[PDB]
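By convention in this document, chain letters (A, B, ...) are assigned in the order of the sequence lines, proteins followed by strands, and residues within each chain are numbered from 1. Just so you know, these numbers use all the heavy atoms, side chains as well, and skip hydrogens, waters and symmetry mates.
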Amino acid sequence: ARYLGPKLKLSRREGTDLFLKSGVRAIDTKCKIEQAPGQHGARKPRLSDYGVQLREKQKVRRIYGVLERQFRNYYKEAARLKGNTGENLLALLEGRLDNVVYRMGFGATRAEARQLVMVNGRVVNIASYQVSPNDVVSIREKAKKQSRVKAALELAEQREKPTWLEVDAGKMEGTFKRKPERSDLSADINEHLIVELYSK
Amino acid sequence: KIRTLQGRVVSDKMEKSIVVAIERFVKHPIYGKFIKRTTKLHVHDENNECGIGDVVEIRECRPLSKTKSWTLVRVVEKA
Amino acid sequence: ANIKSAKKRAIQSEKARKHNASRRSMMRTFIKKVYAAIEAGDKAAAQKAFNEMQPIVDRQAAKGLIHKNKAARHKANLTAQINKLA
Amino acid sequence: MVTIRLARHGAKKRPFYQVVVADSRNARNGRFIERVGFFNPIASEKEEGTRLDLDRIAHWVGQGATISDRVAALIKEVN
RNA sequence: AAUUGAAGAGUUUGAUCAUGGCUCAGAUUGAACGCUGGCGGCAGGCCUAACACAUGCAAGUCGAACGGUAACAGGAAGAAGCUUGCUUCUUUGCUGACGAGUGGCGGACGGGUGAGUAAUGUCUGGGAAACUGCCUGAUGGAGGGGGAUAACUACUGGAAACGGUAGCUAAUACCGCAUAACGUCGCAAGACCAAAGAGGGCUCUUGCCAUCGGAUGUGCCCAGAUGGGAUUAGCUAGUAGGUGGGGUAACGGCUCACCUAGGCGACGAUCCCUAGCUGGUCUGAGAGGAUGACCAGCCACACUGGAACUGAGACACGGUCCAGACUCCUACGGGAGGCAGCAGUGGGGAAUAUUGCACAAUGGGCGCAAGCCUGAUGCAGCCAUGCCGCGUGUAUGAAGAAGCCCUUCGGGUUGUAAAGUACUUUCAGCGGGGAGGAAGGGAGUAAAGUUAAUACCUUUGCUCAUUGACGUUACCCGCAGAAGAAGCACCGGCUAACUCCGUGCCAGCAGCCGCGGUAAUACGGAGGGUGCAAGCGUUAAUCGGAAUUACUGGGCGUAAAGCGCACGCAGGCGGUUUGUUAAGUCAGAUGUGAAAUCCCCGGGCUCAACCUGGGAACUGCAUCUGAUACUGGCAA
Ligand SMILES: [K+]
Ligand SMILES: [K+]
Ligand SMILES: [K+]
Ligand SMILES: [K+]
Ligand SMILES: [K+]
Ligand SMILES: [K+]
Ligand SMILES: [K+]
Ligand SMILES: [K+]
Ligand SMILES: [K+]
Ligand SMILES: [K+]
Ligand SMILES: [K+]
Ligand SMILES: [K+]
Ligand SMILES: [Mg+2]
Ligand SMILES: [Mg+2]
Ligand SMILES: [Mg+2]
Ligand SMILES: [Mg+2]
Ligand SMILES: [Mg+2]
Ligand SMILES: [Mg+2]
Ligand SMILES: [Mg+2]
Ligand SMILES: [Mg+2]
Ligand SMILES: [Mg+2]
Ligand SMILES: [Mg+2]
Ligand SMILES: [Mg+2]
Ligand SMILES: [Mg+2]
Ligand SMILES: [Mg+2]
Ligand SMILES: [Mg+2]
Ligand SMILES: [Mg+2]
Ligand SMILES: [Mg+2]
Ligand SMILES: [Mg+2]
Ligand SMILES: [Mg+2]
Ligand SMILES: [Mg+2]
Ligand SMILES: [Mg+2]
Ligand SMILES: [Mg+2]
Ligand SMILES: [Mg+2]
Ligand SMILES: [Mg+2]
Ligand SMILES: [Mg+2]
Ligand SMILES: [Mg+2]
Ligand SMILES: [Mg+2]
Ligand SMILES: [Mg+2]
Ligand SMILES: [Mg+2]
Ligand SMILES: [Mg+2]
Ligand SMILES: [Mg+2]
Ligand SMILES: [Mg+2]
Ligand SMILES: [Mg+2]
Ligand SMILES: [Mg+2]
Ligand SMILES: [Mg+2]
């Protein structure tokens with residue numbers, strides 16, 4: 001139920017930074033981001049229309065560590081909800097709480113943030129929890145002596161912190177103010193390929 | 001009103017009884033064409049008024065025999 | 001029977017069968033006398049037999065041996081037939 | 001006779017009762033005449049634990065419906 | 001807000017376009033099998049033999065109907081080792097209670113199964129000639145007698161099951177009599193029909209009878225709809241109708257006698273084959289197609305065939321009688337039994353669980369109640385069967401260590417992977433705390449209403465104890481240490497993923513095309529990789545793709561397909577004008593279309609699955625009122 005394997009290979013297979021590393025040093029110095037993994041790695045054949053649609057879906061999955069069954073259920077939810085399905089799907093993935101622990105800067109990676117796993121002042125230890133507009137997300141007091149969370153925040157303080165949220169120091173809390181639009185997120189995900197892949 | 005059907009007498013051979021054909025015009029469930037369908041009722045006719053070809057109003061009543069649960073109301077048209 | 005209450009019901013129902021059969025037989029005997037008087041074709045004999053029958057069918061209806069509608073039918077059928085006789 | 005009683009719905013360890021008017025002989029969760037309310041015994045604070053259509057209950061009690069012990073107790077604590 | 005919804009590909013050929021089948025990608029399941037397997041939540045779990053069934057349990061209850069007193073617990077009398085105060089052996093229903101018995105109510109519910117049933121069924125919508133325990137409203141009654149009988153007692157027959165004889169006794173058991181009308185019969189006059197007490201302290205409570213209502217349940221009738229076969233075309237004598245008698249709760253050929261000769265059928269009768277029906281379920285863009293397991297409604301069945309009895313209700317799963325096929329006990333004379341209740345056994349099968357705990361909750365039976373009963377139900381056990389959630393670490397870490405594997409021997413790749421070093425402790429283990437599912441019921445006291453009464457009773461408050469099968473509960477806190485926890489399929493194209501070695505048309509692979517005869521990305525192993533993940537594959541099965549049965553939505557010159565040609569009955573279709581009708585059609589309204597499910601907006605379990613509030617939907621059916629262009633009818 002978790003991918004517990006070498007993490008750089010995913011970014012290598014996708015051929016893009018998926019933000020899967022802590023950032024103690026550069027991605028180029030860590031691995032060959034240009035090259036796909038394995039013995040036949042410097043090779044790069046033509047990929048089919050199917051193969052392209054697959055790799056876009058596997059991109060959006062492998063960032064978050066969402067396995068296929070759970071990802072499929074998000075697609076179904078996104079298609080069900082009113083309006084644009086591809087946008088609804090990204091909104092649902094962005095609405096997840098386990099993004100937030102990482103994104104607010106408590107884990108160095110999402111894998112670390114997931115090891116570390118309060119919303120509206122109530123404890124929630126579920127990665128898949130959909131955080132709503134106007135909800136305050138925050139940390140406990142009992143585990144603020146961990147060096148992990150200290151280091152992770154210093155890693156977080158070099159990134160561009162998200163632009164629909166409000167992370168705070170000390171008591172360490174922030175409001176999910178609104179759901180992100182597609183404008184907020186990377187114009188790089190071609191989510192129509194995922195919509196098309198599941199329509200197949 | 002009280003409930004009635006209208007139909008054509010197709011037999012008057014029984015004593016105090018007639019057979020009335022009710023024609024209905026119904027849309028075919030699959031193919032959509034309107035089709036003629038027929039329901040034959042055994043009807044009570046105390047006086048033996050009706051003849052083969054008459055148009056008759058009939059009403060539902062209590063069972064009067066094995067096959068009869070309808071009675072004659074009027075003759076609309078004699079043949 | 002396996003169950004205790006079922007054994008008791010079998011006994012009670014047999015007792016009730018005997019009791020009922022006696023009263024049913026008696027009631028039918030009194031009804032038959034009215035029909036027999038009619039068959040012969042004598043009104044005074046039939047009205048006598050009917051006046052004996054009438055309390056019996058009514059009482060057996062009250063006791064639940066027959067329904068009151070059945071008692072009513074017997075009185076109606078025979079009153080009609082007695083009226084047609086002379 | 002006709003009774004007003006609780007049909008047990010919900011899930012395992014988490015009962016939710018529908019308040020139904022039924023012929024007493026029918027199974028608890030089976031054939032009923034009319035639903036007239038619900039009762040959640042494990043309802044969180046803020047949520048409505050009990051709703052009863054007391055007018056419909058009064059109609060049925062007027063026609064000789066009995067009430068289970070629990071529904072009688074729920075009728076008390078509501079009003 | 002609540003139908004935002006529709007993808008193709010491989011394979012005929014030297015190549016092409018078309019035609020056309022085969023095959024694949026998807027979704028799904030009561031699944032099974034193989035490999036593998038950590039935890040939890042919620043659900044599901046004999047689809048085959050309606051095969052046969054050992055054992056336990058699944059229906060009792062009421063002493064406030066009754067005689068009683070086998071228990072054992074008091075109480076009173078009368079006496080013995082006499083702990084000068086009583087145990088004990090005795091007597092006694094006097095009292096709490098209560099075995100057996102009479103009586104009442106229940107046993108027709110609840111639970112199981114799908115054999116039969118293609119229409120005495122089911123679904124939708126109507127109807128008239130009916131009954132209906134318990135519950136409920138109203139109006140009255142509730143008087144006075146009698147003969148029994150079980151238990152019991154004496155005798156007694158049987159191996160047992162189970163009786164026989166005689167005597168005795170009670171009632172809310174049973175039976176007259178009286179009373180008798182908004183009841184029954186009758187045109188009327190008349191005639192006729194009932195009943196039961198018990199309990200608490202005259203009064204209250206409860207029961208009894210009658211009649212008319214209500215409610216609920218059930219019986220009955222009609223129309224439409226609900227599989228296949230014409231290589232089944234005729235079927236029918238109580239048959240179709242009538243009259244009269246009988247019968248039923250009730251209409252009715254329901255039955256019988258007589259009379260008429262009908263009735264059904266190409267709009268498929270009759271016969272044959274298959275089948276429980278529905279809400280729904282799966283699939284599908286939809287229209288369809290497939291399906292009816294779980295949950296809920298209806299039906300049917302209870303070892304097989306038949307039958308009734310009792311009863312408000314049964315032709316009765318754990319009742320009766322008979323017969324039959326089985327099987328078991330026997331003193332050989334006779335007797336006994338029916339898991340398609342729950343659990344379980346054998347058998348069949350690819351395959352489907354424990355001879356568990358509890359009535360604490362909800363519901364059911366009986367009871368004034370306390371309570372008793374309840375394999376319904378609530379729970380627990382077993383199983384990755386499904387769905388949903390979580391874990392199996394996290395960070396760093398070049399030495400790019402070994403060992404792999406490949407290499408044009410430069411290197412590349414596995415791989416930051418491992419180690420090493422910081423850390424973390426969910427879940428599992430171990431130890432401490434702790435909801436909720438409990439409402440009620442029981443005690444005396446509080447006031448008011450009944451009342452001769454400041455009584456009993458009723459109700460509501462009042463206070464004090466007390467009720468949990470699950471359960472070592474959810475959940476919380478603490479301890480120890482990465483510790484206890486990753487597999488399965490695939491990598492020639494379709495199809496995401498490629499190399500080396502072994503083999504040499506062999507061994508083998510294969511869904512389809514194909515692959516293998518010495519440099520095989522196709523076989524087998526390895527290294528690497530891709531996809532899924534506590535699962536993964538395979539097989540089976542349904543829909544999809546398949547516009548490949550084409551209603552939506554196809555064809556027939558040569559691909560499969562125009563009868564050899566005509567006439568013509570049924571049937572389908574019908575030029576043009578006016579009037580009329582209002583069947584089709586259209587509009588509106590009303591009733592109905594169970595709940596669940598689906599969908600929408602919310603709510604609750606930390607989330608999810610799951611549970612749940614309201615809505616929408618249920619495309620239908622019926623009725624009423626309108627419209628009159630078009631189609632139909634009628635008239636000209
Ligand atoms: K009894
Ligand atoms: K083809
Ligand atoms: K039953
Ligand atoms: K069946
Ligand atoms: K007949
Ligand atoms: K007749
Ligand atoms: K269907
Ligand atoms: K049978
Ligand atoms: K009864
Ligand atoms: K109980
Ligand atoms: K067509
Ligand atoms: K017209
Ligand atoms: Mg999972
Ligand atoms: Mg070729
Ligand atoms: Mg007793
Ligand atoms: Mg039942
Ligand atoms: Mg008396
Ligand atoms: Mg009596
Ligand atoms: Mg009298
Ligand atoms: Mg054929
Ligand atoms: Mg043949
Ligand atoms: Mg007759
Ligand atoms: Mg009939
Ligand atoms: Mg069958
Ligand atoms: Mg289609
Ligand atoms: Mg079924
Ligand atoms: Mg069907
Ligand atoms: Mg009877
Ligand atoms: Mg029974
Ligand atoms: Mg049985
Ligand atoms: Mg069983
Ligand atoms: Mg076997
Ligand atoms: Mg028992
Ligand atoms: Mg490929
Ligand atoms: Mg080779
Ligand atoms: Mg298949
Ligand atoms: Mg099709
Ligand atoms: Mg074609
Ligand atoms: Mg040819
Ligand atoms: Mg040809
Ligand atoms: Mg020709
Ligand atoms: Mg011609
Ligand atoms: Mg015309
Ligand atoms: Mg019309
Ligand atoms: Mg509904
Ligand atoms: Mg016209």
Checklist line | Presence of donor-acceptor pair under 3.5 Å, side chain of C:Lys75 and base of E:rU184 | finding: yes

Next item on the list: May I ask you to verify whether the side chain of D:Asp23 and the base of E:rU216 hold a donor-acceptor pair under 3.5 Å?
Entry: no

Margin query: Need one value for A:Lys32: base, sugar-phosphate or nothing, where a base atom within 4.0 Å counts as base even if backbone is also close, heavy atoms only.
Written below: sugar-phosphate

Next item on the list: Determine: side-chain N/O of A:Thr85 to OP1/OP2 of E:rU4, distance under 4.0 Å, yes or no.
Entry: no

Next item on the list: Please give the nucleotide sitting opposite E:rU206 as a Watson-Crick or G-U wobble pair, both distances under 3.5 Å, or none.
Entry: E:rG197

Check: Looking at E:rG528, does its base get a donor-acceptor pair with the side chain of A:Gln39 below 3.5 Å?
Finding: no

Next item on the list: Could you tell me whether the sugar of E:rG199 is north or south, judging only by the sign of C1'-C2'-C3'-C4'?
Entry: north

Item checked: Between E:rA533 and E:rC387 - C1' atom distance, rounded Å -> 16 Å

Next item on the list: Would you mind checking if C:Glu14 and C:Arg17 are paired as a salt bridge, meaning a charged N to carboxylate O distance below 4.0 Å?
Entry: yes

Note to self: In terms of relative ring orientation, are A:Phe71 and A:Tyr198 parallel, tilted or perpendicular, with 30° and 60° separating the classes?
What the structure shows: tilted

Checklist line | Residue closer to the 5' end of RNA chain E, A:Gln115 versus A:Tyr129 (nearest nucleotide) | finding: A:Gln115

Item checked: Base paired to E:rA616 (Watson-Crick or G-U; both N/O distances under 3.5 angstrom) -> none

Next item on the list: Could you give the distance separating E:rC379 and E:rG116 at their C1' atoms, to the nearest angstrom?
Entry: 38 Å

Next item on the list: Using only heavy-atom distances, decide whether a donor-acceptor pair under 3.5 angstrom links the side-chain of C:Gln54 to the base of E:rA191.
Entry: yes

Check: Does the E:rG397 base have a donor-acceptor partner in the side chain of A:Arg25 within less than 3.5 Å?
Finding: no

Next item on the list: For E:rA361, take OP1 and OP2 only and decide whether either is under 4.0 Å from a side-chain N or O of D:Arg28.
Entry: no

Notebook entry, point to check: Taking a pair to be Watson-Crick or G-U wobble with both distances under 3.5 Å, do E:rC509 and E:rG514 qualify?
Noted result: yes

Note to self: Give me the distance, rounded to whole Å, that separates E:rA71 from E:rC315 when you measure between the P atoms they each carry.
What the structure shows: 47 Å

Checklist line | Test item: A:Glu77 and A:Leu81 side chains (from C-beta on) under 4.5 Å apart, heavy atoms | finding: yes

Note to self: Quick check: closest heavy atoms across A:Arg13 and A:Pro37, and the distance to 0.1 Å?
What the structure shows: N-CD, 3.5 Å

Next item on the list: Could you tell me which nucleotide pairs with E:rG337 by Watson-Crick or G-U wobble geometry, both distances under 3.5 Å, or answer none if nothing does?
Entry: E:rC326

Margin query: Under the criterion side chain to side chain donor-acceptor pair (under 3.5 Å), I'd like the reasoning laid out for A:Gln115 against A:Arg148: C-alpha separation, chi angles, the key distance, then a yes or no.
Written below: CA-CA 11 Å; A:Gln115 177 152 105; A:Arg148 297 206 276 180; 2.7 Å; yes

Notebook entry, point to check: Which way is the base of E:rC89 turned, syn or anti, if we draw the line at 90° from 0?
Noted result: anti

Item checked: Ion pair check, A:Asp98 and A:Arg96, cut-off under 4.0 Å -> no

Notebook entry, point to check: Is any N or O donor-acceptor pair between the side chain of C:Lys8 and the base of E:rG103 shorter than 3.5 Å?
Noted result: yes

Checklist line | Phosphate OP1/OP2 of E:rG104 contacted by C:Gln12 side-chain N/O (<4.0 Å) | finding: yes

Checklist line | Base-pairing mate for E:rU153 - Watson-Crick or G-U, with both contacts under 3.5 Å | finding: E:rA166

